Every structure is written in C-alpha cells, then in structure tokens.
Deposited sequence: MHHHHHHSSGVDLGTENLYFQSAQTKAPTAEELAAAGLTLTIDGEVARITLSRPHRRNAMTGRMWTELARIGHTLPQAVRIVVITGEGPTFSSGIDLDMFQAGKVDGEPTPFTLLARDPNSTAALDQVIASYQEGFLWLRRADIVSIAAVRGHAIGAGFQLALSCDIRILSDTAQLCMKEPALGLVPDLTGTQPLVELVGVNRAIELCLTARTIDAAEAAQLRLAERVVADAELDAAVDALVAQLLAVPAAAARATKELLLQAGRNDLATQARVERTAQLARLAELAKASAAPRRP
C-alpha cells in the first residue's frame, strides 16, 4: 500500500523490478538457490502488484540463471523464520490469512489492465509452475521442464494454479499431471497448450521482446476492455456474453468519439 517496495527491500526478498515506460520486468533473483520461493517473496510480489504505476500495462516475469524456480524453499517447512517472517509450520484462522496473503502475489497477474508473460527456462516446479500458470502467456525455452510437485510432498496446489491448469489442459490431463507429479519437457508443454511458444534458449529474450512489441502496438484501452471480456466468456451463457460485449463496445465508441 502507498509506496512501492524499494529495490533494496525487493533484493532482500529475492526479486528485482525494473520499469521502462509501459513495461515492467520482475526477475527472480536467487540463482544460487535456483530461485526457490519464500513467503516474503510472495507477499512482496503482492506489494509490487498493488503499487505498480498506472502506465504499466505489460508485466514480464523471468528467473535469473538457467532455472525459473525450484518452487518453495524447503526451509519454509522448518520451525523458524524465513526471510524474517514466520513459517506456516510455526502456526487455523491465522494460517488461513497468511496463505491468503501469499495467494495475493499471484492473483493480480490476472488483472484486466495488464498482460502478464512468464519467460521460463529450465525447471518450474510446484510454486514456480503455479507462478507461470498465473500469467496470461508463457513463452518457454527449449530447456524448460514443468512439474506440479505438491501432491508428491503430501500437499495440494494452493497458489492459484488449479484453475489455469484445468483451463489449459482440461480436467482429465490436469488429474494425470498432478496425481503423477511428473515432469514434462518443453515439447510436451507445447503439445498440451501449456506454452504459447517454445524457442531456442538463446532466443528467449528476443521472443519476449517481439511479443511485447506486438502488444504495445494495440491501444491500451481496447486491450484492457478485450481482456476483461475474454475472462468472463467461459462462465457466461452466450446471451449474457453478447450483452457484455455490446456494453463494452458502447464505451469504446464513446471514448473514440470524444477523442476526435
């Protein structure tokens, strides 16, 4: 709330944030720990989302080094403090609130006024896979490997990953992936629609930059209104969706006419 987290605050939580005009880049920045995630990292992610400047309309998430994220830092299942905050294992209404605070680090990636992109190389495991899933678009390196590992550890996926997983691959494949907890390669991810594009590792940065340029070339207000429409389409009946579309078009035509 109020002020954005500082670069120093973010560095202590394992993140870097750079903003250039309409594009924000968030980098997981603990390569020696394979970008293992902590509670503090998730709650700072939430803080970044709540305080981004209004002009930002694209958010790119990637990892420093060859691994996107190994998932949750195993110290989070020990008694003490991790990154200065108490672990779940320490702590049920209070645990419920902490988990809800962590989920807020992922939920904002669906906001209609941003397009979020995960640029994934190497392993995205567990919480790492759920971070990539929470983004609108995934661009994978040919090195990428994805795994919903939580059930293998006796846990469920609780960082908002279940819904996008089922939307991408269907409930049946989702069951297979989660209940085997198996690791899939980038070719398989592409086949299952988990990646919107797979490119050679050397080309991942250029592929993300090409997609950013394509998005910036579409006007901001139409992009936002259209994303808002698409997120409602699945759950609406057709008659309702047609009304919602029509309502949105009136606002576009209004803005365009006042503009000229």
query	finding
Unmodelled intervals of the deposited chain, in order	1-23, 115-121, 291-296
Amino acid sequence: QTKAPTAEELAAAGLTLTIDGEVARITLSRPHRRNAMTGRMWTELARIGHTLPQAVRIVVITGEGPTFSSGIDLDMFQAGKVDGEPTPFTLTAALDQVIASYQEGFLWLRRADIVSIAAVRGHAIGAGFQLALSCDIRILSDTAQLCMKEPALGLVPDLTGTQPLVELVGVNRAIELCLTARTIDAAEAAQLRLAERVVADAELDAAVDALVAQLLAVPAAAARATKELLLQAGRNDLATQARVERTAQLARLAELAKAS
From here on, numbers count along this sequence of modelled residues.
| property | result |
| --- | --- |
| Of 145-153 and 165-173, the stretch whose C-alpha atoms average the higher B-factor in the entry | 145-153 |
| Which of 229-237 and 60-68 has higher mean CA B factor, as the PDB entry lists it | 229-237 |
| Top Cα B factor in the deposited entry, candidates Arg110, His123, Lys81, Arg182 | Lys81 |
| Modelled-residue ranking by C-alpha temperature factor, third containing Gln191 | middle |
| CA B-factor ranking of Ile114, expressed as a third of its chain | middle |
| Third of the chain, ranked by Cα B-factor, where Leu159 sits | middle |
| Record-listed C-alpha B factor of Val199: chain third | middle |
| Chain-relative CA temperature factor third for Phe89 | highest |
